[PDB]
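> Quick one, structure for this:
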Amino acid sequence: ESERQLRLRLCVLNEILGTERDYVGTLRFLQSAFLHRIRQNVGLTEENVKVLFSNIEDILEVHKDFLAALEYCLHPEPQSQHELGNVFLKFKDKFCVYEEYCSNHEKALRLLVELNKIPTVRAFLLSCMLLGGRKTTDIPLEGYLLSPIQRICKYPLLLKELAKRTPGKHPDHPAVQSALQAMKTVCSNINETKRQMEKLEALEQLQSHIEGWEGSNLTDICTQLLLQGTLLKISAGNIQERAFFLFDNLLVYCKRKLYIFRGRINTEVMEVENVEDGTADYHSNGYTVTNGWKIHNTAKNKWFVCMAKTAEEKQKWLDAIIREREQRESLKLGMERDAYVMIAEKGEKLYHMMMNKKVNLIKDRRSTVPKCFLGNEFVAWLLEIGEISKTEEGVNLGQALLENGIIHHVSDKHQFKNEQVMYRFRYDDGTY
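Residues are numbered from 1 along each chain as shown. Have a look at this structure:
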């Protein structure tokens with residue numbers, strides 16, 4: 001099985017590199033979309049930025065060199081002979097940059113909650129993420145502000161797995177084990193990361209007590225266990241008692257023996273339905289249901305019935321299941337509502353701003369095309385007027401206007417580009 005422990009090591013190496021790359025990119029997005037753009041065109045005060053982002057720029061400079069040494073050891077590719085323990089050890093002292101950030105984290109969130117109450121500041125914050133390239137309906141800024149705390153806690157989890165796939169023969173063995181101990185002591189010193197590490201430890205401890213795990217690791221999809229309990233899975237032809245675990249974003253049912261993995265469901269495709277005590281239907285295999293409900297895997301269009309011992313447990317479960325749905329569905333729908341309002345606002349604003357003869361850009365050009373403007377001119381005018389800083393920001397803005405039904409190509413055959421492609425506001429041609 002030596003080759004098994006080999007490909008397994010490379011997967012760890014490939015992951016450490018690929019995840020570190022996406023981390024630095026996330027840091028490089030936070031400064032360009034936020035810290036840099038406001039430090040140029042000076043409703044977000046300077047103190048507001050210092051509170052929200054703290055030393056995120058110092059964290060970047062550290063991880064910009066970490067990634068270099070990571071790619072340095074893993075050149076030309078992630079090869080098994082390559083050693084990575086020394087890298088973590090010679091950056092172990094530089095990781096104290098997380099001290100100030102994790103301290104200011106609570107204060108930053110408190111500010112963000114009050115800033116999001118102001119509609120103009122919420123829109124500006126969301127406008128920064130749009131211009132920076134990243135989608136606004138995906139991860140909220142609260143999550144971006146936390147990813148430093150998450151990343152520094154993902155290092156012990158990654159090094160542990162690497163140490164498992166690294167034999168005592170490999171010269172990196174004394175270093176990987178020494179680096180794992182050092183990375184743990186880093187997180188343990190900081191209070192904010194200590195709470196995070198113990199929350200990730202719980203997810204991984206549970207996954208270790210489950211045999212035959214299939215799918216993505218809990219530490220990569222969930223954050224906390226919501227409810228655990230043993231129920232009856234009256235699936236078609238299989239009425240067996242199962243141990244159910246409800247996390248955020250995932251539900252998994254196991255076979256109690258420690259547990260043995262049986263199946264898992266993503267809560268996004270899960271739809272529950274109550275069955276009154278005394279009901280008997282096909283999903284219950286004909287048996288009378290008491291203190292039970294019904295689950296529907298809308299991905300597979302499969303229904304299966306759960307039953308609890310007490311009616312308290314039924315309510316305890318049904319209540320916890322509804323909460324998870326509402327919590328994530330409110331966030332998602334909320335980010336998607338607060339993002340349409342800024343585009344509609346900026347769309348109507350830039351329309352009237354462009355209609356004035358000071359910078360007339362929606363001119364009837366030529367067959368004649370009425371009330372059209374040029375993408376090249378539009379992007380340039382945005383930088384002149386100061387609404388954007390880079391040109392990549394201008395196309396990201398125009399595309400968001402095209403996608404959100406504000407503008408469109410004259411022939412609806414092109415997306416937004418910095419070329420002299422003619423676009424028109426959907427107001428002028430009655431398509432709004």
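
> Would you quantify the distance from the nearest residue to residue 217 once chain neighbours are set aside to residue 170?
Sequence neighbours aside, residue 207 is the residue nearest to residue 217 in space, at 6.5 Å (criterion: C-beta to C-beta, 6 or more residues apart in numbering). Every residue, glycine included, has its C-beta placed from N, CA and C. Using C-beta to C-beta, to the nearest Å, residue 207 is found at 26 Å from residue 170.

> swap in residue 413?
Distance of residue 413 to residue 170, computed by C-beta to C-beta: 57 Å.

> Is the residue nearest the centre of the chain in a helix, a strand, or coil?
Residue closest to the average C-alpha location in the chain (C-alpha atoms, centre = their mean): residue 139, at 4.6 Å. Secondary structure state of residue 139, per DSSP: H, G, I helix; E, B strand; the rest coil, is coil.

> how about it, phi and psi?
Per-residue torsions, residue 139: phi -100, psi 130 (degrees, to the nearest 10).

> Residue 372 versus that one, what's the distance?
For residue 139, the distance to residue 372 (C-beta to C-beta) stands at 36 Å.

> Check residue 63 too.
45 Å.

> Ok, residue 341 next?
Counting by C-beta to C-beta, the gap from residue 341 to residue 372 is 26 Å.

> neighbour count winner among the two?
Neighbour totals were compared for residue 341 and residue 372, and residue 372 leads with 22 against 13 (other C-beta atoms under 10 Å).

> so that one, which of the three states?
Following three-state DSSP, residue 372 is assigned to strand.

> helix, strand or coil for the residue of the chain most remote from its centre?
Taking C-alpha atoms, centre = their mean, the residue of the chain most remote from its mean C-alpha position is residue 367, at 47.4 Å. Three-state assignment for residue 367 (three-state DSSP): coil.

> how far away is it from residue 420?
From residue 367 across to residue 420, the span is 17 Å (C-beta to C-beta).

> Residue 263 now?
Going from residue 263 to residue 420 by C-beta to C-beta gives 56 Å.

> Neighbour count: those two, which is higher?
Counted by other C-beta under 10 Å, residue 263 and residue 420 do not tie: residue 263 has more neighbours, with 16 against 10.

> Tell me which stretches of the stretch 201-350 of the chain form strands.
Using DSSP state E, counting those that start in this stretch, the strands of the stretch 201-350 of the chain run over residues 210-211, 225-235, 238-247, 250-256, 259-266, 270-275, 292-297, 302-307.

> any chance of those strands in TSV, plus distance to residue 83?
Output for the strands of the stretch 201-350 of the chain, formatted as TSV (distance: least, C-beta to C-beta, whole Å):
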stretch	distance to residue 83
strand 210-211	32
strand 225-235	36
strand 238-247	35
strand 250-256	35
strand 259-266	34
strand 270-275	44
strand 292-297	45
strand 302-307	48
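
> Select, out of those, the one closest to residue 398.
strand 259-266 (34.7 Å; C-beta to C-beta).

> Would you mark the buried spots in the closest one?
259, 261, 262, 263, 264, 265 (16 or more other C-beta atoms under 10 Å).

> Equivalent analysis for stretch 403-423, please.
By neighbour count on 16+ other C-beta under 10 Å, the buried set for stretch 403-423 is 404, 406, 407, 408, 409, 410, 416, 418, 421, 422, 423.

> Among those, which one lies nearest to residue 320?
Nearest member of these to residue 320, counting by C-beta to C-beta, is residue 404, at 36.0 Å.

> So the closest one sits against residue 336, correct?
No: in this structure residue 404 lies outside contact range of residue 336 using C-beta atoms under 8 Å: 11.2 Å.

> Figure out which of the strands of the stretch 201-350 of the chain is closest to residue 193.
In terms of C-beta to C-beta, the element of the strands of the stretch 201-350 of the chain nearest to residue 193 is strand 225-235, at 19.9 Å.

> tell me which residues in that closest one are buried?
226, 227, 229, 231, 232, 233, 234, 235.

> Next, the contact list for the third one, please.
Residue 229 makes contacts with 243, 244, 308, 313, 316, 317, as judged by C-beta atoms under 8 Å, 6 or more residues apart in numbering.

> May I ask which two of those residues are separated the most?
Within the contacts of residue 229, 243 and 316 form the most distant pair, 15.1 Å apart (C-beta to C-beta).

> And the two? Which one has more around it.
The residue with more neighbours, out of residue 243 and residue 316, is residue 243; 19 against 14, by other C-beta under 10 Å.

> My read is that that one contacts residue 252, right?
No: taking contacts as C-beta under 8 Å, residue 243 lies outside contact range of residue 252: 9.1 Å.

> which other residues reach stretch 283-293?
For stretch 283-293, the surrounding residues in contact (C-beta under 8 Å, 6+ apart) are 232, 234, 236-237, 239, 272-281, 294, 303-311, 313-314, 317-318.

> Generate a PyMOL selection restricted to the buried entries among the residues you listed.
To isolate the buried ones among these in PyMOL, judged by 16+ other C-beta under 10 Å, type:
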select buried, resi 232+234+275+294+303+304+305+306+307+308+313+314+317+318
